[PDB]
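Visitor: sharing the initial chains of the complex here, in place:
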Amino acid sequence: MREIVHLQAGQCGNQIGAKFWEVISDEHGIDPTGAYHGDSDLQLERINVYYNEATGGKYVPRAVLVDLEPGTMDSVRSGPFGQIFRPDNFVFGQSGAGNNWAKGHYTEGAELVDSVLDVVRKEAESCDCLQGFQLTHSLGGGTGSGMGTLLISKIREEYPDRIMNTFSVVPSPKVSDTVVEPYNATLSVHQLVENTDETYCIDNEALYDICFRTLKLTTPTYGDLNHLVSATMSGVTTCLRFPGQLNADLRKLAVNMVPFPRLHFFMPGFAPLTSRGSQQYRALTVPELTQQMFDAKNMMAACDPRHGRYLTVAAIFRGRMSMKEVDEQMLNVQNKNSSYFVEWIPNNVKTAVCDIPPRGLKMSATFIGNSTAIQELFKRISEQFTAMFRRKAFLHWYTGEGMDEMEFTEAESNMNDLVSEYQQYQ
Amino acid sequence: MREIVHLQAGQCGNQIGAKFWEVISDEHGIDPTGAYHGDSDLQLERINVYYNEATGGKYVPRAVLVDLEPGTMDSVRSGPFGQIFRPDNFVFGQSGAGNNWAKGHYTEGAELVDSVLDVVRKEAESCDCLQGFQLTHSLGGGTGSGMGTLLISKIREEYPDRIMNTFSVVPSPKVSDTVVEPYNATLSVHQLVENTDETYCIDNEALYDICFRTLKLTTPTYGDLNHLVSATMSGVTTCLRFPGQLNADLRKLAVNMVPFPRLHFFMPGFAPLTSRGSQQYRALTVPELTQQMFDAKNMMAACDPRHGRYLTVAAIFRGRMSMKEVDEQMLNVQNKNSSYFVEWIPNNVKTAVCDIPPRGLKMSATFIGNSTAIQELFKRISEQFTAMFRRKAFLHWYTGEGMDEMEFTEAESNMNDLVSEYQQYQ
């Protein structure tokens, strides 16, 4: 019944993934041992969406864990929930990607993908009706960017009609840890624009802006960033895991969210987010969830939506709430902000409403933006790429893996073609 | 009342036998002293099938123990249940078989068989109505292969109408401990095809495959292999030891299982088998017992049944279960797998159902396959035999016992005649 297969690539993809599995195990009431310990029948009704039943009523999550180094598998397996995953589903190399896309895609991960893909088959053949693939990765570095997009290509060729749905942490100039980040991302975005049905563009600069300007955390870690990402991952699948007044499958999102085939680079958000010391003073209700959700400080990519227009927004609400009040606020937003929505679509907002809010809050909303403002994320990567590439800097590490200079020229060409298609509807 | 006489030959036959006597003594509730200590009247109702009553209500098992060396008698007599057997029924030589069939059949065991056979008479004359002989041995080495088939020939000539039923551990290439294994087996199979009414072909390669790929044991011993064999030995006689919804004697198996006289080389299996750490997650029920029982990894010979077709299968179930559910699953299997059963037999499955499941499980099934895939077990022995015999290697150890080269030629001739009769119905 609409099973999902989930795949984790590199350090970032395994870290946002290993936090996601702690979040949806809390929702479904699954113990770190894999045993069920929840309150409610609704937690158990759709446990098959993310888990396999095994003997003694132990639940085994349908993750595949992929890396070119053992050290992230060792960090996940030893972690808060590490014992939950199937030992056979940890698929790994020994020598890493070197932060090189071409090691991921052509050498170190091209060896390993035959050992990954045949595990993706064992999980997809155990499904009753697979709806799709949910892949967590980063576009900087070499494992997530280059092996993860190799793996997207292989699963896309094998499962052409299932939803391919990716959560993609990607570079920005003011929060960076790699010299060759622009190269790896430009080579990787070239695969995402052709193969994925949805890609949720996420940024460490925007995830730090939520931690300082909303949550007021003094020292936000990667563990705090991974918690913001995984809340929106739990959010968008909610309507195949729980009952609701308006149900929306990942495909019911895609049909409404993607006007023209390639414009599927979304930008997620979440509400309510409150400063930890301030919760007692806030009224949780649909118009406050709306005034947070649609504000430029809440979105998890550096793009200010005031630099573009939305094509479509989806607001996937959770909790006991009025359909008049939801339909009123999703009208009031796009009429009072009409200069920020495209005027050749007569209603830009999809709504969905689940009856079951996250554990410990009365309501919640996961936001998905599609906006021409995502041109700014692809533009700044393309101009960092260009300034290195005009002087061929660092290319011997990629051409040493047998990659052509022509593949860089063709990747940055396809990047400007993606920038041009969003700028066309501005 | 349908007594069985049981006979153990060589190291392997005395080891699978001395474990079998621990298993059926647990079933019948007999103490290692020979005293009855069981729960139930049904344990005592048919205790005569495998035991003699003696003074003080001590029970003495109707085993004959045969070896050409004292050291296995010493290992059995000192063992977990060794004190149970009659001291007169340990019949043994001093100098061993040297892993030589011709020492077993012509010299060392030809001296001893006059002292064995006259004990088989004392046990068979103490029977009220003997149904048959249940002989445990191996086809590699020299004692079980060559003395055990001498003893089959002598008991067959003396008791022509009683069931001769043998459990026969036999060679395979990847799990071998003897250089001359192919010779000994080819000389021994030539006796089994003519004399036995049933032979249950068992392999150490398949018994190790159950221990690693099903039970997940890290270090399986011969004691763990002997436990898998003896579960299916207890299984096939169950219907003359306990009540049931469908009773099947060893003869009621043979009439249904053996279409043409010589095609009686069966291939056993058992269910449920579960990884020791996983039992609480498994539902014990007839369709899970079926999906284990009819799968190629469960059978105790190296033959994958997907390399042939079954002639007949017998499924001897034990436990409180529905006849609709048994008859439904034994239909669903041979209709959904119809390419793996011969289509000149209109129903290939015999069923039997005993009311008393093994101590500590709610249900169990013992599987008996007859399949044209058993050609592969006889073929690989015949080709190992051929590659040595073309250069007469090792033959001075057999011809030194007065055996002819013509007897090797005639044994391998009769082996290819057995391969051809299974391949004929493919």
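Guide: Arrived safely, thanks for sending. Numbering: from 1, shown residues only, chains lettered A, B, ... in the order given.

Visitor: dihedrals phi and psi, the residue in the stretch 1-150 of chain A that chain B sits nearest to?
Guide: Taking CB to the nearest CB as the measure, the point where the stretch 1-150 of chain A comes nearest chain B is residue A:55, at 2.1 Å. Quick note: C-beta positions are derived from backbone N, CA and C, even for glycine. Residue A:55 adopts backbone torsions of phi -60, psi 150, taken as degrees, to the nearest 10.

Visitor: if you skip the residues just before and after it, what's nearest to it?
Guide: residue B:281 (2.1 Å; CB to CB, 6 or more residues apart in numbering or on different chains).

Visitor: so the one you found sits right up against residue A:58, yeah?
Guide: Yes: counting by CB atoms under 8 Å, residue A:58 is a contact partner of residue B:281 at 4.9 Å.

Visitor: which secondary structure state is assigned to residue A:370?
Guide: strand (DSSP: H, G, I helix; E, B strand; the rest coil).

Visitor: what is the burial count for it?
Guide: 24 (other CB atoms under 10 Å in any protein chain shown).

Visitor: and it, how far from chain B?
Guide: 43 Å (CB to the nearest CB, to the nearest Å).

Visitor: contacting residues around that residue?
Guide: A:257-258, A:263-267, A:310-313 (CB atoms under 8 Å, 6 or more residues apart in numbering or on different chains).

Visitor: most neighbours among these, which one is it?
Guide: residue A:266 (29 neighbours).

Visitor: so it: helix, strand or coil?
Guide: Per three-state DSSP, residue A:266 ends up strand.

Visitor: find the nearest non-adjacent residue to the closest residue to chain B within the stretch 151-300 of chain A, please.
Guide: Of all residues in the stretch 151-300 of chain A, residue A:241 sits closest to chain B, at 22.1 Å by CB to the nearest CB. Ranked by CB to CB, 6+ apart and with sequence neighbours excluded, the top spatial neighbour of residue A:241 is residue A:46, at 4.5 Å.

Visitor: so that neighbour sits against residue A:242, correct?
Guide: Yes: at 7.0 Å, residue A:46 counts as touching residue A:242 under the criterion of CB under 8 Å.

Visitor: please name the bridge partners of residue A:8.
Guide: Beta-bridge pairing for residue A:8 (DSSP bridges): residue A:65, residue A:136.

Visitor: measure it to residue A:216 for me?
Guide: 30 Å (CB to CB, to the nearest Å).

Visitor: so for these two, which residue has more residues nearby?
Guide: For residue A:8 versus residue A:216, neighbours defined as other CB under 10 Å are more numerous around residue A:8 (31 against 13).

Visitor: correct me if wrong: the more buried one contacts residue A:18.
Guide: Yes: using CB under 8 Å, residue A:8 is in contact with residue A:18, at 7.4 Å.

Visitor: count the neighbours of whichever residue of the stretch 251-400 of chain A sits closest to chain B for me.
Guide: Minimum separation of the stretch 251-400 of chain A from chain B (CB to the nearest CB) falls at residue A:359, amounting to 25.4 Å. Using other CB under 10 Å, residue A:359 is surrounded by 12 other residues.

Visitor: okay, now chain C:
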Amino acid sequence: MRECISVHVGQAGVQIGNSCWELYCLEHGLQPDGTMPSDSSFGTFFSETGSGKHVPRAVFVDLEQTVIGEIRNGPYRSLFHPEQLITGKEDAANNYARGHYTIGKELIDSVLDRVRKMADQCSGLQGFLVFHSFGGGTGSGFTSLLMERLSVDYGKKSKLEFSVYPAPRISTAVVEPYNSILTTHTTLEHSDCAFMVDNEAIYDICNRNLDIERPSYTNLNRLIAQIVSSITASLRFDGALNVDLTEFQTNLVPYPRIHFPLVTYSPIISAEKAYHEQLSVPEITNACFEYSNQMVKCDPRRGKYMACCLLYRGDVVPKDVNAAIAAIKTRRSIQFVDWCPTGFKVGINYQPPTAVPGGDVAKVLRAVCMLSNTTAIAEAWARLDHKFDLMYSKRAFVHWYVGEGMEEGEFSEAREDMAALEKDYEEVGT
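Guide: To build on what is shown above, here is chain C added in:
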């Protein structure tokens, strides 16, 4: 039941015996005075008298007094029966013909009388264990006189024979090639399984594995005895897969004359390294296929394997052994003959290897002795018959053998019979 008569001949056989009986006494818990403080495990090697004294089933024979008078005076003077330590007056002088025709001709009917008085105390005697030098005058000539008698007196009984054989370069005598070639009739006609061993191969094993830079013969004999303890362990102890002394031969010997296996032991290891190596069943199995651990200086890769007996002892499980031999079958450098598709005979015994307390060889949970019939051993024969050919072309020492009652034609008749054995081992590889 399960007795063995051990016959120790010449200096090499007696000095290997003085290591064998040093080991067997420790392994069965017998004091060097033959008493036993506190199961019949000792019965293969020791007769028990009513005083509670265990007396070894051994005969020690030398044509000169010096080495056995040392056994009659050292710590084992109270172990042996005084008339089964047998000596002559006159050395055999590294001359086969003194051992066989002239000097050993006098002691032989006394040597047989002791072997008769030992066999009459057995009940199902398993065989003979005969220890000797191929290069010695007593080693070659007296063993060949004795074996000819035992092969008419005890024709059915298995005769296992442990031979210190001449090396590629290391030698102690000029006439070592003559005595060895004259012995080849003994091993071919009057032996059932003959374990050739080489001083130079054990010297290299000692250097590489024990890290002893300069070993004596006490270091060699403590390895040669350890192999015979492991061959006999299934006769003496409980195991998962015990191997009878004829069960061994039915898997080792493919053809009547092809009964010259190599032998090797693993792990040979010192206390410096035994605490850092894993010594898993996989490693000690693979160590037996290294040219580095063969106790004859020939390369197994220049041959084909006919059969291997892997005789494990100590803490091992048939799971591990099958998983190990599966990797050996996978390696293309370890090549078996086309006609032996099974290849391996496995034995498994529950008794660990006993340490001699004074020794270099460390305490370990596991050992394997691999005894292995392979075509490669024909090179150790091709070395030595090329040493023989240079000397017999000159008749270089022949007057010492002709002078002591040998026919001159026996040298040609022995070089001829060796060429027919070296033919047979080349013929079966194909």
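
Visitor: the neighbour count of residue A:370 again please, chain C included this time.
Guide: 24.

Visitor: look up the closest residue to it, ignoring the ones flanking it.
Guide: Using CB to CB, 6+ apart, the closest residue to residue A:370 is residue A:311 (4.5 Å).

Visitor: likewise for residue C:146?
Guide: Using CB to CB, 6+ apart, the nearest residue to residue C:146 is residue C:111, at 6.2 Å.

Visitor: ok, that neighbour to residue C:150 distance?
Guide: Counting by CB to CB, the gap from residue C:111 to residue C:150 is 10 Å.

Visitor: repeat that for residue A:118.
Guide: 64 Å.

Visitor: quick one: the strands in the chain?
Guide: Defaulting to chain A. Remark: strands assigned in chain A by DSSP state E are A:3-9, A:51-54, A:58-61, A:63-67, A:90-92, A:130-138, A:163-170, A:198-203, A:244-246, A:265-271, A:310-319, A:349-354, A:363-371.

Visitor: that answer is for a different chain, and I need it for chain C
Guide: C:3-9, C:46-49, C:53-56, C:58-62, C:85-87, C:125-133, C:158-165, C:193-198, C:239-241, C:262-266, C:305-314, C:344-349, C:366-374.

Visitor: want to throw these into JSON lines with mean neighbour count and distance to residue A:422?
Guide: Converted to JSON lines, the strands of chain C look like this (neighbours: other CB atoms under 10 Å in any protein chain shown; distance: least, CB to CB, whole Å):
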{"stretch": "strand C:3-9", "mean neighbour count": "26", "distance to residue A:422": "91"}
{"stretch": "strand C:46-49", "mean neighbour count": "16", "distance to residue A:422": "95"}
{"stretch": "strand C:53-56", "mean neighbour count": "21", "distance to residue A:422": "96"}
{"stretch": "strand C:58-62", "mean neighbour count": "26", "distance to residue A:422": "96"}
{"stretch": "strand C:85-87", "mean neighbour count": "19", "distance to residue A:422": "103"}
{"stretch": "strand C:125-133", "mean neighbour count": "26", "distance to residue A:422": "90"}
{"stretch": "strand C:158-165", "mean neighbour count": "24", "distance to residue A:422": "86"}
{"stretch": "strand C:193-198", "mean neighbour count": "22", "distance to residue A:422": "82"}
{"stretch": "strand C:239-241", "mean neighbour count": "20", "distance to residue A:422": "72"}
{"stretch": "strand C:262-266", "mean neighbour count": "24", "distance to residue A:422": "69"}
{"stretch": "strand C:305-314", "mean neighbour count": "25", "distance to residue A:422": "70"}
{"stretch": "strand C:344-349", "mean neighbour count": "25", "distance to residue A:422": "69"}
{"stretch": "strand C:366-374", "mean neighbour count": "25", "distance to residue A:422": "68"}
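
Visitor: I'd like those strands as TSV, with distance to residue B:129 appended.
Guide: TSV is the format used below for the strands of chain C (distance: least, CB to CB, whole Å):
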stretch	distance to residue B:129
strand C:3-9	47
strand C:46-49	50
strand C:53-56	54
strand C:58-62	58
strand C:85-87	66
strand C:125-133	45
strand C:158-165	48
strand C:193-198	52
strand C:239-241	40
strand C:262-266	57
strand C:305-314	48
strand C:344-349	43
strand C:366-374	52
